[PDB]
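Have a look at the structure below before the remarks.
When we count neighbours, we look across all protein chains shown, and the Cβ atoms used for this are built from the backbone with ideal geometry, even at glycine. Bear in mind that the values in this text are calculations on the coordinates, not laboratory data.
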Amino acid sequence: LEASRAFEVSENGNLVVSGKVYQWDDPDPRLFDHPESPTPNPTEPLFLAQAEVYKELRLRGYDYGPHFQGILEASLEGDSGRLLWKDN
Amino acid sequence: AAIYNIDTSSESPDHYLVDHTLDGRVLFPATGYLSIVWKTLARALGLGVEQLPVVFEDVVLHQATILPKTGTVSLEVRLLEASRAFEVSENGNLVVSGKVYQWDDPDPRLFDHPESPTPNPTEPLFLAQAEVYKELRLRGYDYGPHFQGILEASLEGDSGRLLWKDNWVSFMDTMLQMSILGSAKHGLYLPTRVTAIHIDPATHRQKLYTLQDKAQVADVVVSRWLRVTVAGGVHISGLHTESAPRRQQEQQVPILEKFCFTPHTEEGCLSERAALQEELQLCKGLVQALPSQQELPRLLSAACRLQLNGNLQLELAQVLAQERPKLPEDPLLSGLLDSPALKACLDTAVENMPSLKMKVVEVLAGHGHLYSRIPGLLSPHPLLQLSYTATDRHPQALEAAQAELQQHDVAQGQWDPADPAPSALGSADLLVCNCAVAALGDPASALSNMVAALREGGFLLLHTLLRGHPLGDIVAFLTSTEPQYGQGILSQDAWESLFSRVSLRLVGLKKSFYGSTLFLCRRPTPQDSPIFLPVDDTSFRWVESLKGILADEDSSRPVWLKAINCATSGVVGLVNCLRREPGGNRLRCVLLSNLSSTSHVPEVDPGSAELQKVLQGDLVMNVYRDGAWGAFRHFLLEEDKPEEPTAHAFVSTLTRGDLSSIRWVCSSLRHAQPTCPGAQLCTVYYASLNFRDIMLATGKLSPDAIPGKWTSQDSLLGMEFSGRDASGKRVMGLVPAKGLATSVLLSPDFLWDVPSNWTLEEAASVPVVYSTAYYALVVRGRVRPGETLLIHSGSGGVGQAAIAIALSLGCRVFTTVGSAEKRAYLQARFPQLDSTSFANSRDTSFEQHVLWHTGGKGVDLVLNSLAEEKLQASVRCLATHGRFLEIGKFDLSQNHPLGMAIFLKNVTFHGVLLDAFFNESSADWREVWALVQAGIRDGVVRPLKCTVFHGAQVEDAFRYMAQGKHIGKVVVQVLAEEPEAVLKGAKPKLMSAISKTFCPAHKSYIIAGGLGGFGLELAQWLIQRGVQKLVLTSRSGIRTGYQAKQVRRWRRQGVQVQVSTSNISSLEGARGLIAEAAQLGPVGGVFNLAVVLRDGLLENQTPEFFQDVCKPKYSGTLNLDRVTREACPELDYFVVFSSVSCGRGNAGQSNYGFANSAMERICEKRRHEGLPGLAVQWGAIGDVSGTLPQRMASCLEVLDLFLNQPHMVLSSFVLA
Amino acid sequence: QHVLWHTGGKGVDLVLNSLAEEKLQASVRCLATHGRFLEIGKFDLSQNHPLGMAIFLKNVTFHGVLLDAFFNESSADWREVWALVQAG
C-alpha cells in the first residue's frame, strides 16, 4: 500500500508479516559507524571460533546448517565479531 | 485497485454531489468514501451491495477533497483482505483509511432504538425541513435539495424522520446532519474519525415505511449518552467532528451609507478642512506686492523667482511643471469635486428624470478629467444604467487616458461648445463641463449650444471659479496668454444674468469658502396646470383621490402631493415608490418637516410666492427644514471605525488570521455586570503572550478549541498577567482567557502575591509555566529525590520551570536543546548542569545519549512536548516504573497509535492538561496553588527572561513571538509600574479603543416583533452582549418549532425571556408593554421590527391596506415613542428598522415605503432633542431590487457599527 | 452501553481491566474525564496491540500494573502494600 507505506505477506489468504517499508530518501553513512563498546577490554586474548560458537548455539537449540554459519569469530561476551559475506 | 471517477456534470449520475456545499465550496461527502469502499469490497467478493452487510472500524479521513466546478477527480481504492484494511488515494495522496470487513452474522437487535436518555414529554412543537436547514445554514451548512433529507426533528435534536430516495450517501449524510444538529457548539464542524459503522440492507428494507404520500421514510434516533446514531439499517458509533477553518473568501462588501438632509444651496462647504486654508494662505502671500508641491503655489513661485515683478507672459505661461495639465490636481482647484457636493448635485439630477437610463456627455474632458470621477459616484445606485461620453476641443486633446476611458463605458467625441452639438449626441441627459480648469470658448455660444443640446427638462452641471473672490483674482493675474480661460471666469451675478439670457433655471448652487462654485441649472419644461392633492389627512382616504387622478393615463398634468400639517408625514418614501410604477412621472412632492417648534413655518398657498418658486424649480423632492429648501441625499459613510476613550479594553483581531488587524477594542467590563462576589476586578500592568495566543491570532486554532463556554464573537487572548488588585496590592494571576487587556475579572483563588523583591515585569512570566510544571511533575508524576528526568525543550518556559523544580529536589536532569546559544544560556542559568546533560531536540539523537549515559536503564520521568517521531523515540527512553508526562496536543489530537508493550514494563502514561482546572476541579487546583506559593517563598521559583513591548506595539509583539528566536517570555507593558507598594488609585489610565456595544445586565430590553426571524437573531446577538432581561412581542405568540427552540435555549442559559402579545399600535398596549418590561428591570432599549406588508400597484391599493401596513410601524413607533419618552428614563437605545424601499424606491410597495419614511421622520425628530434614536435601512436579509441578499453575520456586524455612529439614519446593501 | 447509561454518559473514574482483544477497547471508551485505567491483563501487552492516544485528550492515566516486579528487586515500595494489607 504505497500511499500509506505498509506491506503485508500473506500465505494462502492468511497474514504472516506486516509493517511499514519505504525508500530511504537521504541515506547517511554516519548511522553505520560502530558505537563504542561500554566495556573496553582492549586485550581480548581469546575469542570464540566458528565451531565453538555454533556448538553453543546447538546446545541452546539452534541447528543452523553450513549455509547459515556466518560467524567467523565473536568475543567471549558476545558483543563483536566478524560476519562472512556470500552475496546472500 | 478500483478507480472511481467523480463527474458533477448534469449528465453524470453523480450530479447530485453539487448539493453538498459546505463553506461555499463543494466537498466530497464523508459517506461517499464509505460507499465507494463498500462497492469495491462487494466487487472483490463477487456479491452485490444490497446483499453485503458491511462493518467499518477506525475510519479516519486525512484530508478533504474538493470537487472542481468543471473536470473530474479520480479516487483509487485498495483493499488488503488479510489485515482487513483499506486505503483511498487521490493523485497518490492518502485520503481515507480504516478497516472494512463482511458482517458474518447480522444481529437485528443492534438496530432497535436505544432507551430515550432524553425526556419525551410528547410536546406538540417540532422542527420542519425548512426550519432544520435554516438552522444548518445559520451554522454554516449549505446543503441543496438532494442532501435535504430531514423531514422533521425534535427540538433538542434527539429523534427525527429521514427520507429514503435509494441513495446511501444521502441517507448517511442525513444521519450525520442529525448528529450535528443537536450539538450546541456553534461553527462548521466536519467529520474526521468514526469508531464503527454497521450496515445491513435487509433490516434497512424491513424498517422502511411509507407515509400517506408515496415518499419513503425511516425513523432516526440519536443518543448522546451512548454516542450512537441509528436510522433504519445503519448504525454509527463514536463519530468525531473537528472544527473547520470556516474562513470564506470574497465575502459580501456592504455599501454603507448615511441619509441626511442637504439644502439645495450652500456656501463655504470646504470651511471644515485645514489644508485648504493653508494653501489659500500660501497663495495669497506669494501674490503680496505683486514653495510647496502643490501646482498653484509652484506656479506662483515660478512667477516670482524668474522675475519679482513684470514677468514675461511667455515664461509664466510656459515654465516647466507649470505647462503640464496639473492645475486640477491642485487641492484648491479640486476641493468641491472631492467634497460630497458633487455627489449631492449628481444625485439631485438622477432623481429628476423619467427614464431609468442616463445619457451624460462631458465637454472639454481633456482638462476637466471628470470622466475619471463621475462614473464611480453613481455605482451605489443598483438599477441605474448610464451612458457616458467625453467630448473635447480637438481629438489630439485627451487621446492619452483612453485606457481609463476603456475600463469604463465612456465613448469618444469631438464636440466643440462653440458650435452646436452634432446629431450623434443629440438630446443629452446631462452635460458636465468643468470650466474650473478647462477654458470656455465663449459664454454665449457655449451656453446656447449646450441648452440646445439638452433635452427639455434636462440638467446642466458646470464647475467654474467665481470672479471677485481671491482665487479668481489670483488666477486672473496669471494665465493671461490664454484668453479663452479668461473668458471662463465671471462674477456670480454675471453667471445669473447669463443663465436668464439662455432661459436656463438654476436649481442648486454649492459654493466653497474660497470662491469655488458648482452650478446646477436645469432646462425649463412646458408649464402646465398642476394638481394639488393634500395628503396630511389621517385615515388614508386621500389615497382614493390619488388613484382616481392617476387613472387618467392620457392626462399629462403634473401632480403635486402636499403635506403641510405633519413633520412626520412620510410622503418622501411614497413618491419614490410610485415613480417606478406607471404614471409616476407626473408625481411631485411638497413636505414641511421643521424639527424645532421655534422654526418658522412658511405658507405654500398657490398665491404665495414660495410655492411659485418651488414649482418653477420642478424638482421632484421639495422638503423644507429650518428655513431651507432641499432633499434628502445618500452619502458614503466614513470608513474609519469609531474610537472613544475608555479604561477597559481588550486586544482582538478584527479579521481572523491577520496579525495586522490587531487593535484595542472596548471591553464589557466597563459595566462591571460580570463583576460580583467570589470575583474581583484587577488592573493589569503586564500581560504575557503564550503559544496558544499566537495560534489563535494566526488562525491555526479555532476559538471552540478552548475549553469552556465562549461566545462566538470574543477575544480569548491572554492567560497570564501581573497587576494591582482593587485594593492596590501587587498580585499575579492566571485566567482561562481575556488576560491580555486593561482589566481582568477572576476568582480570588487564581491570584498570588508578588514578593517585595520581584518586579511586576518579572511576575508576568511565573504563573502559567510554573503552574504547569509543578502540576505535571509533583501532582501527577510524583517525582521523588534522586530520580532521573528527561525534560524536552529546556529553553522553553515550561522546560525551564521543570528544570528549576527538579534541580531543587536533587535530580539528574537530561535536557534537549535546539542550538548552541540555548545550551550556553541554560548552562549559565543552571550551574548544576554538566556537559553530559544536553542533547539535540531537532533530531532523534537524544535517545542514544540518554540510554548511554544512564547505563541502559533509561529515565524515570519524561516531560514530552515533541512530535510523533520524537514522541515514539522518547517512549523508548522510559525505564522500569517509568512515567510519561505528555503536554503536547498534535499526537493526541490526530489519534496516533501507541504500543501497549511499554505497559508490560510497569509504566504510567499521563495526559496532562491544565485547562481542565479553569472550568472544573477548583478544589484540586488549590494543591497546585499551594505548591506554587511554597516555591515562591522557598526561592525555587524564579522569574524568566522578559522582552517588553509597549501597548501600542502589540502587533510587533505578536510578530516577534511568531519568529521563534526568543529565549524566555514575551510580555506586553499595558501600564507602567509606580514606585509605590500599595496604591488606592488603581484606575487604569484612559485609552482609546474601537467602540463595541455591550449592554448592562440589570436593564430590560424590548424587541417588538421579536419572534419574527430578523428579531430572533437580533435577540441572540443582544444576548451575546449580556442582556439577561428580554421582552419579545408578537400577535400570535410562539407557534413554530424554531421559535420555541430558541426561547427554551435562552431560558436554559438563565435569560428571562418574556412573550407579551400586546399590540404597540394602541397607546394602551404600548404602555402595558413598557410596564411589563419595567418589572424585570428599567427599560434599556426598544427595537421596532414589527412589519405587516401588503403588496400591489397603487391601482389595487385601498385605504384599509394603507392603515394595516402603517399600523405597526407608523402608529406603533409614535406610541412606543411617547410611552418611552414618559416611561423610559435610563433608555439608551431606540432603534427601528426601515427598508431600502424608502430612499431608493421599489415598484409596488408604496405603503411600505410611506410607513418606513414616516418612521425615519420620528427617529430624526428624537435625536435633535438628544434622546436616542436610529433608523437602519436594509436591502434584503439572506439567511432568514438589484441587490443581493445580505448575510446575517454581515448584517449584524454592520448593525454593530451603526449603533455607535452619531447619525440618525443609515443604510446598507450589496450590489448585484 | 450499561455503564454509559447508568453513569449519565460521564463514564467511570477507575477501570480494573483483565479482559483483552476487543473488550479492552470497550473499557477505554467507558473512562470519564480524569479517569485512571489499571491494566492488570497481560495478553494485549505481550502482543503489543495498538492503543489510540486520543483518550489522553481527556485527562487520563494509563497504568500497567505488575505485582511480580517487587520480588525480583527488593525495595521499600512493598512495605506500603504490606502495611495496607495488614491494616485491612
Practice item. Might you let me know whether the range B:950-960 holds any residue that is surrounded by 13 or more Cβ atoms within 10 Å (Cβ to Cβ), away from chain C (no Cβ under 14 Å) and among the aromatic types (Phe, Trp, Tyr)? Key: yes
Check your understanding: Of the numbered conditions (1) within 21 Å of B:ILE199 (Cα to Cα); (2) within 43 Å of the chain's Cα centre (by Cα), B:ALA85 satisfies every one except a single condition; which is it?
Key -> (2)
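Residues are listed down the side, and each one gets a yes or a no for (1) out of contact with any helix residue (DSSP H, G or I) (no Cβ under 7 Å at 6 or more places or on another chain); (2) not small (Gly, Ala, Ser):
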residue	(1), (2)
C:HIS2	yes, yes
C:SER18	yes, no
C:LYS23	yes, yes
C:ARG36	yes, yes
C:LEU57	no, yes
C:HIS63	yes, yes
C:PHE71	yes, yes
C:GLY88	yes, no
Practice item. Assess whether B:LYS870 counts as being charged (D, E, K, R) and within 13 Å of chain C (Cβ to nearest Cβ). Key: no
Exercise for review: Just need a number here: residues in the range C:53-73 that are farther than 18 Å from B:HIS896 by Cβ, within 9 Å of chain B (Cβ to nearest Cβ) and of a type in the set (D, E, K, R).
Suggested key: 1
**Study point:** Hits in the range B:523-542 (condition: surrounded by 13 or more Cβ atoms within 10 Å (Cβ to Cβ) and either within 42 Å of the chain's Cα centre (by Cα) or within 30 Å of B:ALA275 (Cβ to Cβ) (or both))
**Key:** B:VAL535, B:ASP536, B:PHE540
Revision key, fill the gap. Considering residues that are farther than 17 Å from B:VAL55 by Cα and away from chain A (no Cβ under 11 Å), the number found within the range B:93-112 is 1
Exercise for review: Among residues belonging to the range C:30-52 that are assigned to a strand (DSSP E or B) and small (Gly, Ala, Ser), point out the one that is nearest to the other protein chains (Cβ to nearest Cβ).
Suggested key: C:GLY52
Check your understanding: Counting just the residues of the range B:688-720 that are of a type in the set (A, V, I, L, M) and in a helix (DSSP H, G or I), which one comes out nearest to B:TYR189 (Cα to Cα)?
Key -> B:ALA705
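Here is a yes/no grid of residues against (1) small (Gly, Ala, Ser); (2) under 24 Å from B:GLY98 (Cβ atoms); (3) in contact with a strand residue (DSSP E or B) (Cβ under 8 Å, 6 or more places away or on another chain):
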| site | (1), (2), (3) |
| --- | --- |
| C:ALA26 | yes, yes, no |
| C:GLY35 | yes, no, yes |
| C:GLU39 | no, no, yes |
| C:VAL60 | no, yes, yes |
| C:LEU66 | no, no, no |
Practice item. Exactly one condition in (1) assigned to a strand (DSSP E or B); (2) more than 29 Å from A:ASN12 (Cα to Cα) is not met by B:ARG109; state its number. Key: (1)
Point to revise | Cβ-Cβ under 8 Å pairs, at least 6 apart or on other chains, the range B:674-689 side farther than 18 Å from B:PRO988 by Cβ, far side polar (S, T, N, Q) and surrounded by fewer than 24 Cβ atoms within 10 Å (Cβ to Cβ) | key: B:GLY678/B:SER747
Check your understanding: What number goes with the only condition from (1) within 10 Å of chain B (Cβ to nearest Cβ); (2) surrounded by 13 or more Cβ atoms within 10 Å (Cβ to Cβ); (3) not in a strand (DSSP E or B) that C:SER27 does not pass?
Key -> (1)
Point to revise | Elements of type strands (runs of 3 or more DSSP E) in the range B:477-572, at least 2 residues being farther than 23 Å from B:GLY1096 by Cα, among the charged types (D, E, K, R) and in contact with a helix residue (DSSP H, G or I) (Cβ under 9 Å, 6 or more places away or on another chain) | key: B:505-511
Point to revise | Output for the range B:284-309, where each listed residue is under 54 Å from the mean Cα position of the chain (by Cα) and hydrophobic (A, V, I, L, M, F, W, C) | key: B:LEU286, B:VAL287, B:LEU296, B:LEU299, B:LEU300, B:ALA302, B:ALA303
**Study point:** Residue selected from the range C:1-20 under the condition small (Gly, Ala, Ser) and within 18 Å of C:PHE62 (Cβ to Cβ), by the criterion farthest from the other protein chains (Cβ to nearest Cβ)
**Key:** C:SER18
Review point. Quick one: would you say B:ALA1193 is in a helix (DSSP H, G or I), of a type outside the set (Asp, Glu) and within 16 Å of the chain's Cα centre (by Cα)?
Key: yes
Check your understanding: Restricting the search to the range A:3-24, which residues are touching a strand residue (DSSP E or B) at 6+ places or on another chain (Cβ under 8 Å) and assigned to a loop (DSSP other than H, G, I, E, B)?
Key -> A:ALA3, A:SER4, A:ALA6, A:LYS20, A:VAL21
Check your understanding: Within the bounds of the range B:721-744, is there any residue that is in a loop (DSSP other than H, G, I, E, B), surrounded by fewer than 20 Cβ atoms within 10 Å (Cβ to Cβ), out of contact with any strand residue (DSSP E or B) (no Cβ under 6 Å at 6 or more places or on another chain) and on the phi > 0 side of the Ramachandran plot?
Key -> yes
Practice item. Please work out which one of (1) within 26 Å of B:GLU135 (Cβ to Cβ); (2) surrounded by fewer than 18 Cβ atoms within 10 Å (Cβ to Cβ); (3) in contact with a helix residue (DSSP H, G or I) (Cβ under 6 Å, 6 or more places away or on another chain) is the condition B:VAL49 fails and give its number. Key: (1)
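Hand me the list of strands (runs of 3 or more DSSP E) wholly inside the range B:209-275 holding 3 or more residues that are not hydroxyl-bearing (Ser, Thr, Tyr).
Numbers: elements: B:216-223, B:228-231, B:234-237, B:240-243, B:257-263, B:265-267.
Once the strands (runs of 3 or more DSSP E) in the range B:209-275 are filtered for at least 3 residues that are not hydroxyl-bearing (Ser, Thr, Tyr), what remains is B:216-223, B:228-231, B:234-237, B:257-263.
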Exercise for review: Working only within the range B:998-1022, note down all residues that are among the polar types (S, T, N, Q) and crowded, with 18+ Cβ neighbours inside 10 Å.
Suggested key: B:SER1004
Study note, to complete from the structure: If you go through B:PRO340, B:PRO395, B:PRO382, the only one that is loosely packed, with under 14 Cβ neighbours inside 10 Å, at negative phi and out of contact with any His (no Cβ under 8 Å at 6 or more places or on another chain) is B:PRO395
Practice item. Filter the range B:886-904 down to the residues that are under 42 Å from the mean Cα position of the chain (by Cα) and of a type in the set (A, V, I, L, M), then identify the one that is farthest from the other protein chains (Cβ to nearest Cβ). Key: B:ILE887
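Which residue out of B:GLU115, B:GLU76, B:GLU90, B:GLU123 is out of contact with any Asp or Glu (no Cβ under 9 Å at 6 or more places or on another chain), within 14 Å of another protein chain (Cβ to nearest Cβ) and not polar (S, T, N, Q)?
Just a single option satisfies the conditions, and that option is B:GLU115.
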Study note, to complete from the structure: Residues of the range B:905-928 being buried (at least 16 other Cβ atoms within 10 Å of the Cβ), of a type outside the set (D, E, K, R) and either within 30 Å of C:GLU73 (Cα to Cα) or more than 7 Å from every other protein chain (Cβ to nearest Cβ) (or both), in sequence order, are B:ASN906, B:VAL907, B:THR908, B:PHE909, B:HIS910, B:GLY911, B:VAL912, B:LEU914, B:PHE917, B:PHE918, B:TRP925, B:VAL928
Point to revise | Residue check, B:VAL590 surrounded by 16 or more Cβ atoms within 10 Å (Cβ to Cβ) and outside any strand (DSSP E or B) | key: no
